[PDB]
Structure formats: C-alpha cells, structure tokens
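Just so you know, the sequences run in chain order A, B, C and D.
Taken in order, the first sequence gives residues 105 to 117; the numbers are from our numbering.
Taken in order, the second sequence gives residues 105 to 117; the numbers are from our numbering.
Taken in order, the third sequence gives residues 105 to 117; the numbers are from our numbering.
Taken in order, the fourth sequence gives residues 105 to 117; the numbers are from our numbering.
4 protein chains.
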Amino acid sequence: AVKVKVXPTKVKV
Amino acid sequence: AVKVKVXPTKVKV
Amino acid sequence: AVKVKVXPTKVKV
Amino acid sequence: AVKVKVXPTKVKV
Numbered sequence: 105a106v107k108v109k110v111x112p113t114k115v116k117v
Numbered sequence: 105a106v107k108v109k110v111x112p113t114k115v116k117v
Numbered sequence: 105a106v107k108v109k110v111x112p113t114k115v116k117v
Numbered sequence: 105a106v107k108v109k110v111x112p113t114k115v116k117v
C-alpha cells in the first residue's frame, strides 16, 4: 500500500 | 490541501 | 503511478 | 515534511 503522512494525519491506500 | 492520487483514490489532507 | 501535490510542489512516482 | 511511501520510494516534501 501507499502510505501518506501529513504531520499527525496518516492514511494508507 | 495535500493531494495524493493513488489510482481512483484521491487522498486529500 | 502515484501523483503527489503539496502546494506548488508536485511529483509522480 | 509530508511523506509519501510508494514501495521503495519515500517522497519527502
């Protein structure tokens, strides 16, 4: 999966 | 916002 | 490919 | 920074 971290926001696709 | 396009999913932070 | 947009910065992987 | 992990590439903005 692609992992996205934007400061304290994190999301995986 | 940050945008991360992963195929059909457009993650927006 | 994944497209990333962070304000005026863009990159594609 | 924003971090986007796309397999072995870790995009950092």
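All C-beta atoms in this analysis are idealised placements derived from N, C-alpha and C, irrespective of residue type, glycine included.
Taking only the alpha-carbon atoms, compute the straight-line gap between residue 114 of chain A and residue 107 of chain A and give it to the nearest angstrom. On the first sequence, position 10 is the one that residue 114 of chain A refers to. On the first sequence, position 3 is the one that residue 107 of chain A refers to. Roughly 7 angstroms separates the two Cα atoms.
Return yes when the Cβ of residue 117 of chain D is within less than 8 angstroms of the Cβ of residue 110 of chain C, no when it is not. Working through the third sequence from its first residue, we reach residue 110 of chain C at position 6. Working through the fourth sequence from its first residue, we reach residue 117 of chain D at position 13. Taking 8 angstroms as the Cβ cut-off, residue 110 of chain C and residue 117 of chain D qualify as a contacting pair.
Counting only C-beta atoms, is residue 106 of chain A closer than 8 angstroms to chain D at any point? Here residue 106 of chain A corresponds to residue number 2 of the first sequence, with the count starting at 1. Judged by the 8 angstroms Cβ criterion, residue 106 of chain A is in contact with chain D.
Distance, residue 105 of chain B Cα to residue 105 of chain C Cα: Position 1 of the third sequence, counted from the start, is the residue given in the question as residue 105 of chain C. Position 1 of the second sequence, counted from the start, is the residue given in the question as residue 105 of chain B. Using only the alpha carbons, I get a separation of about 20 angstroms.
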